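Structural characterization, general
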Number of protein chains: 2
Amino acid sequence: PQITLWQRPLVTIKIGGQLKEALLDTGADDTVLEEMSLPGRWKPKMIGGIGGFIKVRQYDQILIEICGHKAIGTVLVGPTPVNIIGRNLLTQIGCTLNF
Amino acid sequence: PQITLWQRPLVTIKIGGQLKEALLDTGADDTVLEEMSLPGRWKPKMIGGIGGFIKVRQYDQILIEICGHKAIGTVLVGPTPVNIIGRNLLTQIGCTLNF
Ligand SMILES: CN/C(C)=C1\C(=O)Nc2ccc(S(=O)(=O)N(CC(C)C)C[C@@H](O)[C@H](Cc3ccccc3)NC(=O)O[C@H]3CO[C@H]4OCC[C@H]43)cc21
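Residues numbered from 1 in each chain as written, not as in the entry; some residues may be left out. Chains lettered and ligands numbered in written order. Heavy atoms only, no water.

1. Here we look at the interface of chain A and chain B
Interfaces are often described in size by the accessible area the parts lose on coming together. Counting residues at the interface gives 39 residues for chain A, matched by 39 residues for chain B. Between chain A and chain B, a total of about 3700 Å² is buried, with carbon and sulfur atoms accounting for 63% of that surface. Taken together, chain A and chain B are joined by 2 salt bridges. Notably, a salt bridge pairs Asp29(B) with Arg8(A), separated by 2.7 Å at the nearest N-O pair. Along the contact surface separating chain A from chain B lie 17 residue pairs in polar contact. Secondary structure elements with two or more residues in the side of chain A that touches chain B: β1 (2-3), β3 (18-24), β5 (43-49), β6 (52-66), α1 (87-90) and β9 (96-98) of chain A. Across the side of chain A that touches chain B, the residue classes tally to 20 nonpolar, 15 polar and 4 charged. The pairing of β1(A) with strand β9 (residues 96-98) of chain B spans 2 bridges and is antiparallel. What sits directly across from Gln2(A), in β9(B), is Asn98(B). (Contact = heavy atoms within 4.5 Å. Buried area = accessible area lost by both parts, 1.4 Å probe. Salt bridge = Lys/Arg side-chain N within 4 Å of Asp/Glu carboxyl O. Polar contact = N/O pair within 3.5 Å; in protein donor to acceptor, adjacent residues only side chain to side chain. Helix = DSSP H or I, 4+ residues; strand = E, 2+ residues; numbered from the N terminus. Nonpolar A, V, L, I, M, F, W, Y, C, P; charged D, E, K, R; others polar. Pairing = 2+ DSSP bridges.)

2. Brief notes about the relation of the copies chain A and chain B
Two chain copies here: they are related by a rotation about an axis and a translation along the same axis. Rotating chain A by 180° about the axis while translating it 0.0 Å along that axis superimposes it on chain B, leaving an RMSD of 0.0 Å. On the angle and the small slide along the axis, the relation comes out as a two-fold axis. Most of the interface of chain A is mirrored in chain B: 100% of its interface residues are interface residues there too. (Least-squares fit on C-alpha atoms.)

3. Overview of the layout of surface pockets
Space left empty within the atom packing is revealed by a probe, the size of a water molecule, rolled over the atoms. Put simply, the largest pocket is a space of about 930 Å³. Lining the largest pocket we find 33 residues, and of these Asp25(A), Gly49(A), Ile50(A), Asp25(B) and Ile50(B) sit closest to its centre. Every element with two or more residues in the lining of the largest pocket is listed here: β5 of chain A together with β5 (43-49) of chain B. (1 Å grid on protein atoms, 1.4 Å probe; cavity = no way out; pocket = protein on both sides within 12 Å on 5 of 7 lines; lining within 4 Å. Points joined across faces, edges and corners; volume = space filled by probe spheres on them.)

4. Side note on the nonpolar core
Here is a general trend for soluble globular proteins: nonpolar side chains tend to be buried in one another's company. Residues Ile64(A), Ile66(A), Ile64(B) and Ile66(B) are the most contacted members of the largest nonpolar core, which totals 48 residues. Non-local contacts of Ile64(B), meaning those with residues more than four positions away in its chain, are made with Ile13(B), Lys14(B), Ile15(B), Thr31(B), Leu33(B), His69(B), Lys70(B), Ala71(B), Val75(B), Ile85(B) and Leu89(B). (Core = buried A, V, L, I, M, F, W, Y, C linked by side-chain atoms within 4.5 Å. Buried < 20%, exposed > 50% of the residue type's maximum accessible area, 1.4 Å probe, protein only.)

5. Describing the sheet that holds β1(A)
Taken in spatial order, the 4 strands line up as β1(A)-β9(B)-β9(A)-β1(B) in an open sheet, and their pairing is antiparallel. Taken across any chain shown, the strands that pair with only one partner, and hence form the sheet edges, are β1 of chain A together with β1 (2-3) of chain B.

6. A short note on the site of the ligand
As a structural note, the neighbourhood of the ligand is formed by 23 residues, with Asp25(A), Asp30(A), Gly49(A), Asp25(B) and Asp29(B) the closest of them. With respect to the ligand, its neighbouring residues span chains A and B. Between a nitrogen atom of the ligand and a main-chain N or O atom of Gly27(B), the distance comes to 3.2 Å. Judged by the proximity of its atoms to the pocket grid, the ligand belongs to the largest pocket. Contributing elements (two or more residues each) for the shell around the ligand: β5 of chain A together with β5 of chain B. Across the shell around the ligand, the residue classes break down as 11 nonpolar, 6 polar and 6 charged. (Near = heavy atom within 4 Å. Sits in = over half its atoms within 2 Å of the grid points.)

So, in C-alpha coordinates, the structure goes:
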(Lines give C-alpha, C1' and ligand atoms only; values in the text may rest on other atoms or scores of the structure.)
Protein backbone atom coordinates (compact mmCIF):
# COMPACT_ATOMS: atom_id res chain seq x y z
CA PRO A 1 0.00 0.00 0.00
CA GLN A 2 0.76 3.66 -0.26
CA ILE A 3 1.26 5.41 3.12
CA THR A 4 1.08 9.22 3.55
CA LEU A 5 2.93 10.93 6.34
CA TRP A 6 0.29 13.02 8.23
CA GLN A 7 0.45 10.38 10.92
CA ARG A 8 3.26 8.10 12.20
CA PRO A 9 3.67 5.20 9.74
CA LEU A 10 2.83 2.34 12.16
CA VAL A 11 2.25 -1.18 11.02
CA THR A 12 1.41 -4.36 12.86
CA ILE A 13 4.23 -6.97 12.84
CA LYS A 14 4.38 -10.60 13.99
CA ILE A 15 7.73 -11.64 15.47
CA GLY A 16 8.48 -14.44 17.94
CA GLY A 17 4.85 -15.50 17.73
CA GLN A 18 3.93 -12.05 19.25
CA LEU A 19 2.10 -9.19 17.80
CA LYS A 20 3.53 -5.68 18.05
CA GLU A 21 3.27 -2.33 16.45
CA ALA A 22 6.28 -0.71 14.85
CA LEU A 23 7.19 2.43 12.93
CA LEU A 24 8.42 2.19 9.35
CA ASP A 25 11.46 4.31 9.77
CA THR A 26 13.64 5.38 6.77
CA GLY A 27 16.00 7.13 9.19
CA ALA A 28 16.99 3.81 10.82
CA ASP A 29 19.65 1.60 9.22
CA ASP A 30 18.70 -1.38 11.41
CA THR A 31 15.48 -2.72 12.94
CA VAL A 32 15.42 -2.08 16.71
CA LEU A 33 12.67 -3.49 19.01
CA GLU A 34 11.75 -2.69 22.61
CA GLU A 35 12.61 -5.39 25.19
CA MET A 36 10.92 -8.60 24.18
CA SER A 37 11.00 -12.31 24.61
CA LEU A 38 13.03 -13.78 21.69
CA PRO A 39 14.50 -17.32 21.35
CA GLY A 40 18.19 -18.02 20.97
CA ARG A 41 21.66 -16.56 20.74
CA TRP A 42 22.53 -12.91 20.43
CA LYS A 43 25.67 -10.66 20.18
CA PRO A 44 26.22 -7.43 22.28
CA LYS A 45 26.06 -4.17 20.31
CA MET A 46 25.56 -0.40 20.73
CA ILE A 47 23.78 1.91 18.37
CA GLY A 48 23.52 5.60 18.53
CA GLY A 49 20.64 8.03 18.12
CA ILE A 50 19.49 11.55 18.90
CA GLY A 51 20.39 11.73 22.56
CA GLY A 52 23.23 9.28 22.74
CA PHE A 53 23.79 5.55 22.74
CA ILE A 54 21.96 2.40 23.84
CA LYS A 55 23.25 -1.12 24.37
CA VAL A 56 21.19 -3.65 22.42
CA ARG A 57 21.13 -7.42 21.77
CA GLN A 58 21.70 -8.24 18.16
CA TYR A 59 19.83 -11.22 16.78
CA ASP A 60 20.54 -12.43 13.32
CA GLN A 61 18.39 -14.06 10.73
CA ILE A 62 15.16 -13.35 12.66
CA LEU A 63 11.85 -13.82 10.83
CA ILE A 64 9.50 -10.86 11.05
CA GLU A 65 6.23 -10.45 9.28
CA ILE A 66 5.53 -6.75 8.57
CA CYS A 67 2.03 -5.84 7.44
CA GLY A 68 1.84 -9.47 6.05
CA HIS A 69 5.15 -9.50 4.13
CA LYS A 70 7.79 -11.83 5.43
CA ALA A 71 11.41 -10.71 5.98
CA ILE A 72 14.40 -12.31 7.65
CA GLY A 73 17.22 -10.20 9.02
CA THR A 74 18.97 -8.69 11.91
CA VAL A 75 16.82 -7.44 14.70
CA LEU A 76 18.28 -5.38 17.58
CA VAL A 77 16.60 -5.57 20.96
CA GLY A 78 16.88 -3.06 23.84
CA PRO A 79 15.76 0.16 25.38
CA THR A 80 14.46 2.00 22.33
CA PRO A 81 11.37 4.09 23.14
CA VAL A 82 9.50 2.83 20.01
CA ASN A 83 9.71 -0.36 17.95
CA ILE A 84 11.31 0.65 14.65
CA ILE A 85 11.47 -1.25 11.30
CA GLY A 86 14.73 -0.02 9.74
CA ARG A 87 16.05 -0.15 6.15
CA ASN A 88 17.58 -3.67 6.54
CA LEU A 89 14.01 -4.91 6.57
CA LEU A 90 12.33 -2.17 4.55
CA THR A 91 14.24 -3.11 1.42
CA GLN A 92 12.98 -6.70 1.86
CA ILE A 93 9.31 -5.84 1.75
CA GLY A 94 9.95 -3.60 -1.25
CA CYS A 95 9.38 -0.39 0.59
CA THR A 96 10.19 2.94 -1.17
CA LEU A 97 9.92 6.66 -0.66
CA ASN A 98 8.07 8.69 -3.30
CA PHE A 99 7.69 12.44 -3.91
CA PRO B 1 11.24 10.69 -7.65
CA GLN B 2 11.07 7.20 -6.30
CA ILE B 3 13.76 6.39 -3.69
CA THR B 4 14.70 2.80 -2.69
CA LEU B 5 16.13 2.06 0.69
CA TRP B 6 19.43 0.16 0.04
CA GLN B 7 21.20 3.37 0.97
CA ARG B 8 20.36 6.22 3.39
CA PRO B 9 17.75 8.48 1.73
CA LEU B 10 19.84 11.70 1.65
CA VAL B 11 18.79 14.74 -0.27
CA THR B 12 20.36 18.14 -0.74
CA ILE B 13 18.41 21.00 0.92
CA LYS B 14 18.81 24.79 0.79
CA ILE B 15 17.98 26.57 4.05
CA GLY B 16 19.21 29.95 5.30
CA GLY B 17 20.96 30.46 1.98
CA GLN B 18 23.16 27.39 2.85
CA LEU B 19 23.37 24.05 1.28
CA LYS B 20 23.22 20.92 3.41
CA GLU B 21 22.49 17.28 3.15
CA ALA B 22 19.69 15.72 5.15
CA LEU B 23 18.01 12.35 5.62
CA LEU B 24 14.37 11.89 4.67
CA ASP B 25 13.25 10.33 7.88
CA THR B 26 9.71 8.87 8.32
CA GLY B 27 10.57 8.05 11.94
CA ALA B 28 10.92 11.76 12.81
CA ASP B 29 7.82 13.85 13.60
CA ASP B 30 9.77 17.12 13.28
CA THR B 31 12.66 18.36 11.15
CA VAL B 32 15.85 18.64 13.25
CA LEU B 33 19.10 20.20 11.89
CA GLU B 34 22.66 20.17 13.23
CA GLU B 35 23.93 23.49 14.66
CA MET B 36 23.65 26.13 11.98
CA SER B 37 23.49 29.82 11.38
CA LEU B 38 19.77 30.79 11.14
CA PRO B 39 18.22 34.30 11.32
CA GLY B 40 15.72 35.36 13.95
CA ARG B 41 13.76 34.34 17.00
CA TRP B 42 13.48 30.86 18.42
CA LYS B 43 11.78 29.03 21.39
CA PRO B 44 13.59 26.49 23.71
CA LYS B 45 12.49 22.87 23.32
CA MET B 46 13.59 19.28 24.03
CA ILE B 47 12.97 16.26 21.88
CA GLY B 48 13.72 12.71 22.64
CA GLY B 49 15.33 9.91 20.65
CA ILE B 50 17.07 6.56 20.98
CA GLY B 51 19.56 7.37 23.68
CA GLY B 52 17.78 10.14 25.51
CA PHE B 53 16.99 13.80 25.08
CA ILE B 54 18.52 16.86 23.41
CA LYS B 55 17.78 20.54 23.91
CA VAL B 56 17.03 22.25 20.59
CA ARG B 57 16.06 25.72 19.30
CA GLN B 58 12.69 25.72 17.66
CA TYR B 59 12.24 28.02 14.70
CA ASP B 60 8.87 28.45 13.15
CA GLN B 61 7.78 29.13 9.64
CA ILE B 62 11.27 28.50 8.21
CA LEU B 63 11.59 28.09 4.43
CA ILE B 64 13.48 24.99 3.34
CA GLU B 65 13.94 23.76 -0.17
CA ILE B 66 14.23 19.94 -0.23
CA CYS B 67 15.41 18.34 -3.46
CA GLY B 68 13.92 21.48 -5.22
CA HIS B 69 10.47 21.48 -3.54
CA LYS B 70 9.75 24.37 -1.26
CA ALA B 71 8.29 23.88 2.25
CA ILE B 72 7.75 26.20 5.18
CA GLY B 73 7.53 24.85 8.70
CA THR B 74 9.09 24.31 12.02
CA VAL B 75 12.74 23.50 12.05
CA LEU B 76 14.52 22.39 15.25
CA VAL B 77 18.20 23.17 15.62
CA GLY B 78 20.71 21.47 17.98
CA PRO B 79 23.00 18.60 18.65
CA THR B 80 21.49 15.93 16.41
CA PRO B 81 24.17 13.72 14.83
CA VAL B 82 22.51 13.95 11.35
CA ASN B 83 20.32 16.55 9.66
CA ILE B 84 16.85 15.00 9.47
CA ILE B 85 13.78 16.05 7.37
CA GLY B 86 10.82 14.91 9.49
CA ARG B 87 7.14 14.35 8.64
CA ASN B 88 6.14 18.02 9.24
CA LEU B 89 8.03 18.77 6.06
CA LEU B 90 7.69 15.43 4.28
CA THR B 91 3.94 15.84 3.95
CA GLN B 92 4.55 19.24 2.30
CA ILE B 93 6.65 17.91 -0.54
CA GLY B 94 4.12 15.13 -1.07
CA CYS B 95 6.36 12.40 0.20
CA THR B 96 4.89 8.88 0.73
CA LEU B 97 5.93 5.38 1.66
CA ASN B 98 5.09 2.56 -0.76
CA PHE B 99 5.28 -1.24 -0.50
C1 LIG C 1 24.49 2.73 13.11
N2 LIG C 1 23.06 2.62 12.90
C3 LIG C 1 22.16 3.46 13.45
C4 LIG C 1 22.55 4.84 13.77
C5 LIG C 1 20.78 2.93 13.70
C6 LIG C 1 20.40 1.57 13.37
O7 LIG C 1 21.27 0.82 12.85
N8 LIG C 1 19.16 1.26 13.70
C9 LIG C 1 18.62 2.40 14.21
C10 LIG C 1 17.35 2.61 14.69
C11 LIG C 1 16.98 3.83 15.19
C12 LIG C 1 17.88 4.85 15.27
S13 LIG C 1 17.40 6.24 15.82
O14 LIG C 1 16.18 6.12 16.58
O15 LIG C 1 18.45 6.74 16.63
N16 LIG C 1 17.20 7.04 14.50
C17 LIG C 1 18.35 7.68 13.82
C18 LIG C 1 17.96 9.08 13.34
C19 LIG C 1 18.22 9.99 14.52
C20 LIG C 1 18.94 9.42 12.24
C21 LIG C 1 15.93 6.92 13.74
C22 LIG C 1 14.97 8.07 13.85
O23 LIG C 1 13.92 7.82 12.92
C24 LIG C 1 14.28 8.20 15.19
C25 LIG C 1 13.25 7.09 15.55
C26 LIG C 1 12.65 7.35 16.92
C27 LIG C 1 11.27 7.56 17.08
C28 LIG C 1 10.73 7.83 18.33
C29 LIG C 1 11.54 7.90 19.46
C30 LIG C 1 12.92 7.67 19.26
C31 LIG C 1 13.49 7.41 18.03
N32 LIG C 1 13.65 9.47 15.05
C33 LIG C 1 13.80 10.42 15.99
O34 LIG C 1 14.68 10.44 16.84
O35 LIG C 1 12.81 11.47 15.93
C36 LIG C 1 12.95 12.66 16.69
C37 LIG C 1 12.65 13.80 15.73
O38 LIG C 1 11.25 14.06 15.83
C39 LIG C 1 10.64 13.22 16.84
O40 LIG C 1 9.93 12.06 16.37
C41 LIG C 1 9.96 11.09 17.42
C42 LIG C 1 11.34 11.21 18.00
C43 LIG C 1 11.78 12.63 17.64
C44 LIG C 1 19.18 4.70 14.79
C45 LIG C 1 19.54 3.47 14.28
